[PDB]
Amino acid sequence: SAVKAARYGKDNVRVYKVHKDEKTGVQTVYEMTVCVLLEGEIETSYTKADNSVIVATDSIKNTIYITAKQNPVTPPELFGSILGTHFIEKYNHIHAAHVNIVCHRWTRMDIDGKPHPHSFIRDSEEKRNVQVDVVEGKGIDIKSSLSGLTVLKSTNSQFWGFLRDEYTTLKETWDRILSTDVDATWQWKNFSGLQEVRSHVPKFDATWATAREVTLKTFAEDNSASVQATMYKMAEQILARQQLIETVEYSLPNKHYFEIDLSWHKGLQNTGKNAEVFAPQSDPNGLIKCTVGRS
């Protein structure tokens, strides 16, 4: 037998950092969960019990805190690139670092219509994430994403003209509820190293904001022919607005809301044009994915 692939490291490292503006008194907080996995010339730790090649996962944890102390933690694309580069430069036998970061929302509170200097609220479980793969001699690959954005529209969604055969019971519809949890990922062109990532720093926050905006606007405004058709429109616009993105991927559950026929009870009308009360279905759900790139 032989080791075909191996990676190891520390997962679920929670980190909080505060920045204090001495002049204005304003404080800004960041909270993240970080995972770092390393690859390299570490096969002998598996095959020969040779621990000499192992950077202990506890040391990886220490490194994450130290790096957060000495560097900005925002945008996460930059922080992940600094962290990943550290491991490949510090350790001769480590040749790839894989860094995943989940950013948690802490939104500044407005009290009496003014921004509070040091109080924050978690407005939604929506996350901003990055995956950074730093590979010695091959640069830095970054995938940025948003996840956990849950939306619903109560009309202006249709689904008709699909294939009908002996397995089909679904009725065509010209007016339905559409609800989904959005997972969207944009993959950046490969960067040669940290200098190049630094040169593009302003684009990261801007592109995240654009991706969010395009997602929300398109969902709200499209008279949707299907999840497939609406999601393609989203991806198209993101690629148009940021030339440094190579591909956009969306993965969308279709969370069903079923009509409830109440006609058995005193002829109560609650279907089609008369539908007011629906039963949200926890499962099963549609799952629709697409990866869109450039011509």
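Quick note: we count residues from 1 along the sequence shown, nothing fancier.
The PDB entry records a higher mean C-alpha B factor for 267-275 than for its counterpart among 12-20 and 267-275. In this crystal structure, the stretch out of 106-114 and 130-138 whose C-alpha atoms carry the higher mean B factor is 106-114. Out of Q158, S124, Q187, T150, it is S124 whose C-alpha atom has the highest B-factor in the PDB entry. Residues shown: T230, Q27, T33, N62. Highest C-alpha temperature factor in the entry: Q27. Among all modelled residues in its chain, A5 ranks in the middle third by Cα B-factor. Per the PDB record, residue ranking by Cα B-factor puts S45 in the middle third of the chain.
Among all modelled residues in this chain, the alpha-carbon of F204 has a temperature factor (C-alpha) in the middle third.
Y91: CA B factor lies in the highest third for its chain, per the PDB record. Ranked by C-alpha B-factor against the other modelled residues of its chain, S251 falls in the lowest third.
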